[PDB]
Each structure stands twice: as C-alpha cells, then as structure tokens.
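In what follows, chains carry the letters A, B, and so on, assigned in the order in which the sequence lines appear, proteins first and then strands, with residues in each chain numbered from 1. Excluded from the calculations below are hydrogen atoms, water molecules and symmetry mates; all remaining heavy atoms, backbone and side chain alike, are included. Both counts, for ligands and for their atoms, begin at 1 and track the order of listing.
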Amino acid sequence: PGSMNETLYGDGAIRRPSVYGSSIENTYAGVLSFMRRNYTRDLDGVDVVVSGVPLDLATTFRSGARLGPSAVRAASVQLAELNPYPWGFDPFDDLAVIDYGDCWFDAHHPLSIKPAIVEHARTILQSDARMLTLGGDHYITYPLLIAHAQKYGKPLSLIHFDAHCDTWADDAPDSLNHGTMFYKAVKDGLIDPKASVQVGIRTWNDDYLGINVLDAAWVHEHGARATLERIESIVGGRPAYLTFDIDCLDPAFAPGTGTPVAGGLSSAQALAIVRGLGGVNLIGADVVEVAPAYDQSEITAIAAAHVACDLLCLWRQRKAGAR
Amino acid sequence: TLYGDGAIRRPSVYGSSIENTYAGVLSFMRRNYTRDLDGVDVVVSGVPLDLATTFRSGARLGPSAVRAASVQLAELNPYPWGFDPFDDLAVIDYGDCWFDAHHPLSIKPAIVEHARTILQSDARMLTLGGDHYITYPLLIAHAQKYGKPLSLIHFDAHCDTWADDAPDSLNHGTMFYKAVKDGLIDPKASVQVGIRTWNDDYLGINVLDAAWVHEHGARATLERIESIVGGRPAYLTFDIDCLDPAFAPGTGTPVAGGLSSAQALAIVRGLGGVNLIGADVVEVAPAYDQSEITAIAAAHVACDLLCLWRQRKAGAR
Amino acid sequence: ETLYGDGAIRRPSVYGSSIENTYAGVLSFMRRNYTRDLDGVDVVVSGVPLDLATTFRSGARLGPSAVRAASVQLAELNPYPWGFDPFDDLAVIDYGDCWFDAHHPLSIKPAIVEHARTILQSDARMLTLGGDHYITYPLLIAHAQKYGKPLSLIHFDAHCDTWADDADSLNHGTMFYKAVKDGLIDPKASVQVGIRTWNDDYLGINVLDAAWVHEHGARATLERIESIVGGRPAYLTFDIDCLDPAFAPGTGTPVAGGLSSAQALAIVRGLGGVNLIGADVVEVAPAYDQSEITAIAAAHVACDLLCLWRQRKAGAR
Amino acid sequence: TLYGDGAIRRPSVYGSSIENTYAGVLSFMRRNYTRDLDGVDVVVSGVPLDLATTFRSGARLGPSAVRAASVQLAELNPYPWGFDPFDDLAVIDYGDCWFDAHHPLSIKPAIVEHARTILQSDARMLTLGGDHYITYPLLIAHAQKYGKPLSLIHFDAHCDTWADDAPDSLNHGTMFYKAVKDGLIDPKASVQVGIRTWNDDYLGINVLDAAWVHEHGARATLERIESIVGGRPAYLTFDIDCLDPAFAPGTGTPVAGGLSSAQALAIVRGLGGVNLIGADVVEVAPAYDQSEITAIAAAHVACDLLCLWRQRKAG
Amino acid sequence: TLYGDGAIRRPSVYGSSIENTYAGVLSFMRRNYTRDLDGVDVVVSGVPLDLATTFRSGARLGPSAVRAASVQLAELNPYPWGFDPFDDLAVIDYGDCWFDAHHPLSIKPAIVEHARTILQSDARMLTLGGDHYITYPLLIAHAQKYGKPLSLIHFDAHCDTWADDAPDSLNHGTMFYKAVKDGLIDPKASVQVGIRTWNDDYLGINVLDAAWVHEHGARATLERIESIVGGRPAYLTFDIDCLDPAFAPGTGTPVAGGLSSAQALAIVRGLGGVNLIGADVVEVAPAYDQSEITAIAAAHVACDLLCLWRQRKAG
Amino acid sequence: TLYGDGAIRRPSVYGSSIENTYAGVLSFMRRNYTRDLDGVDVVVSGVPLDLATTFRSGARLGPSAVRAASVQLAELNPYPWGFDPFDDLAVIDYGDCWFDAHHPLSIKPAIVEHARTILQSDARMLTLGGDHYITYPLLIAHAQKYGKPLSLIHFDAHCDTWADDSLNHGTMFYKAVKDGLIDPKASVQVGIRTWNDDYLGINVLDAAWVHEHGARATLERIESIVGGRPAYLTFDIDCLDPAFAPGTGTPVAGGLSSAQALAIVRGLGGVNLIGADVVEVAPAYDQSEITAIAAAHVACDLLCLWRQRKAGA
Ligand SMILES: [Mn+2]
Ligand SMILES: [Mn+2]
Ligand SMILES: [Mn+2]
Ligand SMILES: [Mn+2]
Ligand SMILES: [Mn+2]
Ligand SMILES: [Mn+2]
Ligand SMILES: [Mn+2]
Ligand SMILES: [Mn+2]
Ligand SMILES: [Mn+2]
Ligand SMILES: [Mn+2]
Ligand SMILES: [Mn+2]
Ligand SMILES: [Mn+2]
C-alpha cells in the first residue's frame, strides 16, 4: 500500500489515491462501488457524485426498491472493464466521479425522510459536483428537486422517463407516495410543465398538468431520434434534471421493478435516446425503482447501470468540450 | 366509495373501490365475485386445464396467475382509453369451471356446459386458461348461441390445426383442426397472427406469421384482420406464446422470434369495430413465469378486451 | 348439497367444506367464506399487509395473499393428526384485509387498533396474517381492551423485538419493548421461543433460545411454555423467521440455526390447554419464498391454531 | 477405461467410465442407454406422467430431472457402501415409457405393458416418476410376475388410499385404495412411512407417521419395516414428498413437517434384509425444484436402491 | 416409425421419430447418439468450457442446456423451412469433447484434436459451447482442413480481439486477436454483428454494431454480410450475448441494447448463399437462464444452421 | 457514532457504526475496507476462484455473496456471545486476492504470496472462497509461519484426499498430507458423506455420526484430537445439507443443519486456531441468500472465537 510504482490490481474503489483513472479488476470480484469509483465523502475536485437513496416506503405496489442502489452497483462491474460504447473514451481520465455511499435516514420516523434527502443533496451541491442518484423509489426525486432548485433556481425542466406520470393529484403534501410527488413538484413551482417532458408513458391521468407527454406508443411509432429531437426542442437550454424510472422499459427488459406495465421501451431505444442528449443543460439526474428481489439475472440492474454510465459520459463530454 | 376488498363488499356490479395494490381480494380486476348473472355484460371465468399440453404442464394455474397480475390495471383507468370501464360495463368474476380431472373424458362436456350456462344470460365470456384445448368446447357453446361458422381471430406461435381424426382426443395442438372439421369456424374469414411453426396444411386459414407482423407493423396487421373478418361474429383467442419468450417466459411451448407486448396490445386495442362475441387468454403457466411478466401481459390483453366491450356497450362502436 | 368449486363465495352457511380443485377456486384462507358479517362467527382470519416497519428486506406486505394461496392443500383433507374437519363445528370466515393509508404511516397504528376493535366486538377470535411483526403491537392494544392486561405472550421468533426505543416510531424490532412498558404483557408469564439474537435487556421475559429447543426437544419446549403461561389469557404470535431459513427462506430477517417446521408444529399442536385469546402469523415475504415453502409452513401454523380453537369450542379441551 | 460419454460408448453393461461431472450423456448414473435386456440385473426407466396429480403439475419432467441430478453419484463409489455397484450389478437406462397423453385411458395399459416387457427379462425395475399413479399399473405387472398379495413399503406424506370406486380414474391419491381392493398388496404386511395427512380409513395398512419417525429414529423405523414385511416379496415406492419441503421443494403436494434426507436415506440404506422385488421414486417436479435439491435427494434414494440390489445379488 | 427415445433406437442416421416433448433421450434435436462418423453430414458436439470466462462462470453447462432446449424444435418441421432436415441431412450428436480441466494447458490441444478427428470424416461441425475461447482451437482445426485465411461471421456483443501477447493464455475475450495474428481469419473478409463494446483496435474487421442493425434491419445486415464474405470458406460463430439480455439472460457477460431473437434468426435464416464450412453457438450459461429462454434461442440458431446445410446439400 | 457507510468512514479499526441493514458499503460485517495491517488482529479477504471445481462453477462470486449476507450479523451483538467483537478485536476487510485467471498456473503462487503478505503482520486470516482448492496454498503459507505439521479441522461432505501441478478442489488435502503440511492423526473431518478408498488416517466424524451423537459429542472429539496444536479450520459450506446450503457446486444429500454446525464451531474456544476459511459458496445456485447467510454466520463465530482468545491471552 503506497509503495513506489504500486500496481493496483483489484479493489481500486478503496486503493486509488486520486479521483481520476481506472484500475484493473477481476470483473467477478473487487469492491463493488458504482463503476468501481472511489468510495469517499471528500468532495474537493469532484465533478460527479454517485450516491444511493435506499427508500421504498413510498411505493404503491411491490416493495423492494430499497435494495436498488446495491443492485445497480453490483450490475455496473462490466461497464468498468472497457471504455463505454460507442463513446470510446475512459471517462474517468478527465471526469472526477466518486461513490459517496448512501443517504442515511431513520425509516422508523418517516416524516424525517424528506428533510434527510434534501440535506444530503444540499451537502453535495455545496461542492459544485453534479449528482447522479440511484434509487430507491421515485419519491426521492421530489426532495432532490427541492435541493436542486435551491442551487440552480426554479422552475427547472424535467426530463422524465417512466411508464407513470407521477402527477396524480394528492391533497396531502406530507404524504410519502412515489406516484404523486411530481404533482407536488408542479404545485411548488419546482418544474416548468411547458418545458418538461415525460417519455414512455403508458398509464392514465385525467390531468397531466400541461407536461409534454411522448407515450410508449409514440416512441415506438416515431423512433429514438425523433424522440430525442422532441426532448431537445422542449427543454432548449434550460437547466434540466433527468429522472429515469427503470419501469419506462418493458417488463421483458426490466422485470425487477415494483409497478411493471406491459408495452414499454427496449433498453436499445432508451439508451439511444439518453446517449443523444449532449446538447441538454443537464444539472443532475437519477435512476430509480430498481427492485432486485424481482430482478432476473440482474438484467434490470444492468440496464439501470448502462443509463447511469451514459449520463456520466454526457457529463464527460460537456466538461471536455468546455476545456 | 369502499376502502378495501371491493370484490366481496360492493352491493352494485358497477364501479371501482379503493384498494391497496398489494392486498385485497384477488378477483380479476377486483370485479365482484358472484354466480348471479342477471344484468351482467361480461363474465370473467377460469378454466384451469393443462391435461391437453404437449410440452410443459403448468397452465392449470393460469387463471389465478392472471387474476393476481391484474391488480395494477384496477388502480387506474386503462390506457389509452381513459375511462373506468366498470362505470358503464357490468363485469363479474364467476370464479372457475369445476371439472373432474381424474375422469378426463368428462372435461369437454363440463366446459361446454359452463359456457352454455353463462351464455343463457346473454353476458359475454372472457375466459382465462388453462391450455388452448379449452377454446374448442368454448367455441362449441358459442356456435350454439351465435351461429356457425364463426370467424376466429387467433394469436399464437402455433396454428393448432395439426391433423387429428380421433374425436375424443385431448390435445391443445389439434382442437382447431377439429373446430374446422365440425364447421365451427370459417377458415377464409379467420386469421392466425404471430405463427412461427410449420403445418403442411393450414386448412385455408389466413396466416400472418411473426415475420410478417415484424415487417409490416401493428397497424397493417390490425387492418388485415379487420378486412378478413369484416362484420362477422368473431371469437378472439389469445395464446400468450404469441409473444416472444422474452415477454412471455411463463408458457408451456415457448418459440423464439415472437411479438412484443407493445405490438400485440397495439393490435388488440384497435379491434373495437369487430363483432367480438367472446374471447379467451390462454397458456399462462406461472411456474415458468418470471416476476409475473407473462401473467401481466395476459391481464393487459384481457383488460383491453373489456375496454372494447365497454365502448360497444356505451354505443361508441 | 355439497358444492363443487368456489365455496368461499357460494356457501350460504359459514359452516362446512366444499369440493375444490386444489389448483383453482377462490383463494380465501382455507377456502373459508369471504364476508364482513361477523354474526355467529367463532374465528375471523384477516390480513394486515404491512412492511413499513421492517429493518432489512421489505416484502411482508404481500404475506397475507401468500399464506392464503399456500393454504389450498390444507382445505382438501381433514387436518392431521386431528382427523376432523374443523369447519363442521367451528365458524371461521375470511374478512379480507385491514385497509390503511400507507402514505400516511402515522395513521397505521390506529387503523389496526380499529380493525381489531371492530372484530373483537363480535366476540370472534382473531387469527391475523401479517405483514411485518409491528402489527402485533396494535393487535395487543385491542386485545388487552377486551381480555384485560397484562396478557401472557407466547412469541415464536429469532428476535425478541424488545430492544429499547424511546420514541411514535414504526419499528418491527421494538414494539414488544413498547408493549411491556405499556403494561400490555406480563414478562414473567410470557415466553419467547427460538430466539437467536442478542439483547442486553430481555425485560424479564422467559427465553427458550433455538439451541435450547434443539437440545431439549419440542415436547420439553411445549411443557415449559405451558408451565410459564398456566391458565392465564394468552396471545400467540408466530414470526415465521422462528424457523430456520432452510424451512422459511421467504422472510425479511433470516437468521441461521432455527427450528424445523416439524419442531414448531409439534409445539403448536400441543398447546390445546392454553387459554389462547387470539393469534397471528407474521413476516412471510413471498418475493423471497421458494416454491411457497415458507407460506406453506405459515398456513400449517394457522391451520393448527384453528384446530386448537375447534377442540375448545367442542369441549374436548 | 473410456473418457466421456460412457452411456453411449461402453461395449459392456458393467463398469464405470471417466466423466466430467458437468458434461457427458445424461443417463441415470451414466448407465448404458439400451433396450437390450439380456443379462441385465436392474432396468432404470422413466414414466413421465403428471395427468393424475391433484395440485401442481410438473412431475412429467421428473425422470429427466433425476437423471441430471445423478451426475455426482456416478463420480464416486456410493457412501457408505464403498463399492462401485456397476462392477457386479448390470444396470441399464432403458429411456422412458412412451404413451399418448392425448388418449389418457391408454396410459395405464401402456405402463402395464412397459413393465410386463421388462419383467420378461427377469431384471428388476427401478422406475423414475412421474406422479404416484404410475405405481398402480407397475404393481399390476409386478403382481403378475411375483404373485399376490405383495408387501408395499411406501414412503410418502400421503397414504394414497382415499376411496375411489371408479377403476379407470387417473388419480395419484386413490391408486393404493385400488391396489388393496384388487388384492395386489397385503395391508397387514405393508407399511407407510412419513405419513402426515388424514384418511378416515387407512385400510389396515401399518402407518409410521412423520411424528413417529422423528420421535423413534431411523433405526427403530427400519426395524419396524423389517418386522412388518418379513421375507415377503416387497415393492418399495418412494414419493419424494415424504421429505419435508425444505429438502424436497420440487414436488406437487408439499406438506410441512416431513423427513430429512438424512433420515430417509438412513432408513433406505438399512433395508438389505428385505426381499426387494422392484422399486420406484416418484413426484419430482423440476419446475418447483430449487438448485436441483429435490432431484438430488431422489437420485440418492435410487442409488441406494441399486446398492441394496448389488448386496442381494452378492448374497 | 419408432415411439420414444429415437436418439438411442433408430438404426439409420436419417429421419425423425415420435417423442413426447417432455421425455425421451435428450440429444441435440433427438439426433442419434454415436461416435461413428461414416456417411455423416453434420456432427453436433459440445465443448463444456468456462475456464476462459472473465465475468460469470456457468457456460460449462451450456451444451446440456441447449440439448434440453431443443426438444420442441424436433417435434415439427422447422419454420419457415417447412421440411424435416433429417430426411436428407445426416446429423448426429457426438456427445462432448472430454478434457482434463485440472490441467488447463491441455485444453487447447484437446479441442484441436476433437475437431481434427471429426473433420477427417468430411462432416461439418456444429459445436455447442462453452465459453467463446473454444472457437480459437476450432478455427485452428478448420484452417488445417479448409485452408487459411477463413472468413469469420461473428455474432457477439464483444469483438474478442482485445490485445493479448501471452500465447498460452486462456481468455474468451482475446482469442480472435490470436486468430488474426495467427493468420487464421481474414479481417477484411470477416464481419462482427451486434457489437456494443469498445476496442481501440478492431484489427480492420468489419463491424456492424447493435445500433447499426437496429437502424438498418435484418435484410440490410444479411446483405452486408454476404457482400463481405462472398464465396470464401466461412465459419459462423454465434455468441448468445449478441442478443439483448431480455432475450438471453443466461450468459456470463450481458450487455444492454442487443438484438432480438427475431432479428438474429431473420439474419441467420438468410445466409444460404454463404460457403458455410462450420459453426458454433457459445456462451449459454444455464444457471443464469430464465425458463430456458436463452438455451431456446441458442437451439433455434443451431436448428437454422442445420437447415442452411440441408439446403446447401440439396444445391 | 457515525450513521451509514462505517466501512469507509470510521477513522478507527475498532467499533461499530449505525447502518440501515438494506444499504451502506458491503464489506464483511461492515468492517473497515483497508490494506493497512498495522495493529490488526484478523484480516478478512476473498479469493474468488472456481477454476478448480469438478461440477458446477460459481464459487468465484462467493466472497461478494458472503459479504452481502453478513449485513444482519453487523446490526446486533452476535448470539449467544453477547458482546460486540469489534470493540476489542481489530478486524478489517482487505478486499480480494487478485490473480490472472487466464494464466492459471500463476494462481497457486499468487494465493501463497497473498497469505505470506498478510501473515507478515501477525494478523490471523479469515478467508472467504472461492472453491476449496484455495485452502492448499493458504495452508502452505500458514505452515511457513506456524511450522509443519499443522492440525486441520475440516468441515465438508468431501474428504478432498483422493489420490492425485493440478488445479483440483478434491485432491489438495492428499497433497497436504503427502507434502507433510498437516498431521492426519491430529486432524479431523466433520460431515463427510462421500467415499474414498484411503482416508489417509485422518479422523472422520461422518454426517451420520454427527446426527447420531450430536454437536457436543462432536466438538469434544474435535478438541480431543487437536489438543493444543496450531490448527487451521476450513469450512466447506457443502458440509451442510443442500436444504440449508443449496448454493454450492457439489451438493450431497444427508448433511448437517446450520444449527448443528454453528453449535460445533461456537464451542471451539479451546482450540489453538491459527487461521480459517469458509469456502464453496456459489451464489448463482443460492436461494434467498440462505447459503451465504449460513457462511457469514460461520465466519462471524470464528471472529468471536478469536475475540475470546485475545481476551484469554
Ligand atoms: Mn415513477
Ligand atoms: Mn413508474
Ligand atoms: Mn395454441
Ligand atoms: Mn401456442
Ligand atoms: Mn419479530
Ligand atoms: Mn423475527
Ligand atoms: Mn403419493
Ligand atoms: Mn405424496
Ligand atoms: Mn464472445
Ligand atoms: Mn460476448
Ligand atoms: Mn471440499
Ligand atoms: Mn465439499
């Protein structure tokens, strides 16, 4: 440890002295941080912080998303072995990404959870790192948006991939519900519906609150490039937060989720869209609702890890293009 | 509005109740459990058969798997419909066709009698399988009420028209050969969709194979189905193995290269002008299902069929 | 006038069994009548689908449905070794579930207390299916109202659930600490069986740890339980994680070195002289179950509890 | 000695071959695949039936599951026997009894004829199920050969003696009522082990219930079995649901409170005194199995039965 | 016409037998189990290797999983072909290549010798893996027979051409770098289909990545393949991880955004103009499979390869 | 006290932190992830090998599965011990032994060097497998430090003493005996239920023997056999019946319960325990983590034995 010209074969997440660079791993072993990034709470010189919020108390059907962050970390091992495709660079050579670990909260006092998540995000945002957050159920995005609006102003543009709009009316602000937190976000003025977009939608709301909806059928009909171009058109250059609910994907591709809805996107379609979002002013992102107890050979977590990897690459390109 | 267990508490056959999605009585889409058919528009029932299967068994548990997989569909108005179908359409869950499996020759007449009983009420039947053999006695009873020959709209990897001249045989792969021979269905005005297995003699039934559907798309498939059946009385039978094993792992005879659930639902949703007299959704085998995704796709098909009947009940189509 | 299929929704009487295909039919607990009418009822089975108090894996919210599905074989034959059909003499119904607004978690405790209050007003016994173990605390509140306090608790669990907690908290590991402080249970006349986790302060409750049960045997364990509770009113709470993970993999907090189902059932079946006022069977998490074996073991415990009540109603004990 | 695929390569019915455990032709314990019965001591075959089941289906795939689960048993001499039984005992894998499931009344006579054919060779049959109904037509053929009544040694959570006066029903829970009423088995000289379900009329068959076995132990159970059957021609039928669901989750009718595989194997291994004329191992349902543990326990039972016959042949 | 267990009963290498789909000897598509190669057109064999894997192990059980998954394909004429290929094409199941895993340096020559032996008969090889490393020693033997350099048609999420200058290494991700360096395959006349991982140096092999296939479709892809290989002797190697993890979860290195089985089969079925000299289907890992869907997709690919050979024999 | 991710945040190697059981960094029993061995009593490390397996592969993922399965054990004082071992015993998670799998002849010396390096610190090794072959190079390193011959306490359905450069998880204890690493007369195998023509004079308490005579009789026989000799304990999870340990490469019916196995291990406080491993967990075959959970319990109890021995010294 620390010896001159020490080669780092294995366990880079706990051994690498710098936030930059990859190191050799056996894919089936080694410390399982997200894409093997350094485990640390030190935020100096960091561009992106990956962290987990292991919540499933706000779920309406199956529970299990509390284990989502660990599942996505475990599923990210192969993505660490090679330069991401089609990017063809190692993003960690010039993008400083760490794994913070998780947002602790006291589940047994559930009204403390929302402020715990706001404070977690507030703390990270004081560093000027971007947040890439692994869920956990979709409720987490509401306090994340609160903290993001503090830093980046309001209203924000939301880019929301989901089978569900999560904007069903809820007359109780204090409720812990993964299906009504974007109703609250709109009512709080956190997000601008006319400059926001929901992609892969295939469930019904009497009032989508004026948010642009590109439903699953629309995506299938028009294709990924058309979808990507419509997203760019809607958000323009506004500060945008991207929230990816893995149940956007068809249950064939994402069986490991609490509220599966037939007729969704393939991972190919979703990734083609995410990979093309380089023109967007992406301020923060999350990937939510992975429930490993319902996963099958980790395929859901693997797809979630790919989304997260492509989000990192988008940030690498933004940093490298401004250099 | 009632909170919890609407299937056993609502005094009316109409309307939805508030449920926790992970609890409450598990009838199909939470509809009232009852054997009283008076004023009912659609009867959901199960026929828990797998004795006719040629590969894996397990379809005998299909009806309970489809009921359990229907809980999310009861929470919201179906998409893209945007109505609660149960405000205007009276749908009940009858429970199941009982039969003595240990006397398997008694099974065909038990299914015919189950259907004859329900059809006496003028309700439509939406039947959950069970293996595909069940559709043959169901068609016998439907031909009694609606006349013959019927148009068959058949989603499946398999034609189920392989030759079989033994009448009393119990085979999920030959009952539509028997159906054509009995004059129950008109091959020229029938259509098989998603086919990807070989028969030397498809009996003149129109076939839109899986490769055809992939090449031409859902709208083209839908329009070809409409062209073939026209205004004729039609029975729709959906074998979940129509879908690729990726979308429907939970089935007895999986065949690679099938439809997505997005394709299949796009087709079914567009069939509202068809004179659908009855329907079934078969071959769900929960022992081979993975996180219920097969049963979920089956429940979506069943839900869309109810929405087609709601539009017709309401005078829209 | 024996009915064939779907007895739970068809029998006019609360007494008696019907013929079912084991793989079909309405899935109430042991096929008992689904009803909210408590008149003349001896035991009410209900679910409380909670998992918000869990400390490791979630999933117990689906426990009640899993235990119901797992009870189908128990309905087919007279329970063994009893050799009677308990439902000829004991009126048992399935009430469905306690509804609650999960998104307002502070409302859950009073919802469960009210559910139990309502049922206990009928003088039926409650046999409650969990759900995480927190449900037992509000169940005890309601039971102590009816039957007096302090009650004797017979608690099967790998966990004492008596770890100190100073605060309205929702925790399946601290509710028996609250129960003791509230004066709901008498520690000296209470017993915890299968314990294999550490507490600095077991609150004077008698502990028969898993190793003690293995060393002394089921008969010794039963007799020690009986000695501890004597003739006092007792509530029996069975956390399925009492059983070793080999027998009960489907649970949120599995701990190695537990009881077999043979051991647990030998104990429960022998508790016929105890004044059991109520009971529950908790912590079944079907997402972690394997070929339903956990839910099957839970259903067997519940069945035996019913048989104990039948024997008491019948004057045999 | 041959390397790989001994089941399709060995010219002799005797002897073992070197296999990679994770490859090679999957006959039962790698035995020769053949229909030639000349000079054979034991014929292993499958009857892939699950049409007679009352709860979960799946036992139709039992024989293939058991064969796949037997790979490790072929690698070493069985324990505690410590001999390779195939050096002295000629055992083949016949494959399966074919039947037309779509004509279900043809199944019973197909199984009788399957057994009658093999029994003409004087080999013993070790049959892999398949649901328990298969034991009834197997007993019909065995009674033809060995005389009636036979002694039945029956390991099961279920007595399978519930009344059923329709002879041609296909029911895995009533076929031993038919066997008793037909005079195929002598109830007074038969025994049921691991029982933990209720019948109002056990037909006078001796029952050693699961609780009894737990209380008294394998040695006591074994000795009671011997006392009941004495030297009478005995058929052993092992329903894997005798084992607790923890040990045998892969079965159609799981009942809590069962035997461990340690208990069952200790009993079976001790049966060298029994005049064992034929046996089966039934109700493995691989769709419900978990990491093959049920099929593994079933393959162990079958292996031990082969070892019992090796010992009897030597004595 | 025989009823049941045709793999061990048919005296001729041609023709099909009646099987219960859920029973019967489990050779690949029920073909005769034999090591006799006289008059044989195609030999199916397994190479149960996973020592060369970089992530999950489990491919060692691939050959048995693909054989089990092939039962339905044997019941009907393959679609859309509409003929029984086994009436005109003599296909056998050889069993597996045995190797001493405990001496891993012996594995490569064992596989070369397995292939050399089979190829002396002029039968084509259709080989079931096993991890992708197997294709390297297979290409060595194929180059001995058919000359060097061969055209490679490679379906995979991975190029397997990452640099590796240690000769004796056992690595499923570097063996095609070795194949190119050894002059076994011609990069300019080879093609990799479904690629979605990065290499700084694809060695000039033509790449049609997963995104390209999704954009342009099966017909455009198959036509580009034909254009690249022309009439050169071509070896087809199909890594099941070419398919998206939704269709092929049972594999050691799953990568999102892959092909459907509909796309892959449409391409493979269209390759009748290619001078196909041998083929393999690799990386099925049944411990990670879900209701056999991966092994089923793999069996479908193998079936279609057999139908291509039947057509080429007829031409 | 820290709330969450103690494995990467605690400045001291002693003490526990508050964790949500379903979250936080997944080191073994949440111990500090570090390669600094100064002042360390026990080093937990993984050796993710399955190249030596004879049936199912999958043990390469064993160490990660055992780590993940150890989360509940970190929440409470271990039972029946009733102390937090980490207040007095310094335990770290080193991570894993790296090796180049694609050059398999390099693996044995890599494992030896791994152990040699850790043993230079005087910490004890508790190693998570990985297939059983790992114990052979571990024993080589341990015999270098502690002298030849060692006592072996071996829990397994398999004797691994079948007669035999080879990489084989079933022959490495034949080599160990022939190399003079272990003394068979002062060694013991527990749970055995597979056949060898020559058990090499090692004392065997087979599965049936344990079932017949019980855990107390077994543990007393063990203590008797090994006396005060330096002893290495190797626990193959397939010692347990497949009902308790389905997640393993070579499952054999008729095995021990976790209750039996833990009763035996917990009672081994008189043994001069110099090193230990827990091997053959294959998570691809595990069912609701039960195999990995039993393996984590065995490892926890080994830590508790060392805590007691440090206190008794
Ligand atoms: Mn959402
Ligand atoms: Mn959603
Ligand atoms: Mn069909
Ligand atoms: Mn079909
Ligand atoms: Mn508890
Ligand atoms: Mn507990
Ligand atoms: Mn039976
Ligand atoms: Mn039975
Ligand atoms: Mn490859
Ligand atoms: Mn690949
Ligand atoms: Mn070992
Ligand atoms: Mn072992």
Kindly give the atom name of the N, O or S atom of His158(B) closest to the Mn ion (ligand 4). ND1
Taking side chain as C-beta onward, heavy atoms only, is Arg56(B) less than 4.5 Å from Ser57(D)? no
Please find out if the Mn ion (ligand 4) and some N, O or S atom of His132(B) are separated by less than 2.8 Å. no
Just by modelled atom types, is the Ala248(D) backbone N or O under 3.5 Å from a matching donor or acceptor in the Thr251(D) side chain? no
Under 2.8 Å from the Mn ion (ligand 4), is there any N, O or S atom belonging to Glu283(B)? no
Between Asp156(D) and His158(D), is the side chain to side chain donor-acceptor pair (under 3.5 Å) condition met? List the steps. CA-CA 5 Å; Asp156(D) 206 318; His158(D) 308 92; 3.2 Å; yes
Any N/O/S of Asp160(D) under 2.8 Å from the Mn ion (ligand 7)? yes
Using only N, O or S atoms, tell me which atom of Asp156(D) is closest to the Mn ion (ligand 7). OD2
Is any N, O or S atom of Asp239(B) under 2.8 Å away from the Mn ion (ligand 4)? yes
Answer yes if the side chains of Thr53(B) and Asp131(B) hold a donor-acceptor pair under 3.5 Å, and no otherwise. no
Which label fits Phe238(C) and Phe156(C): parallel for a plane angle under 30°, tilted from 30 to 60°, or perpendicular past 60°? parallel
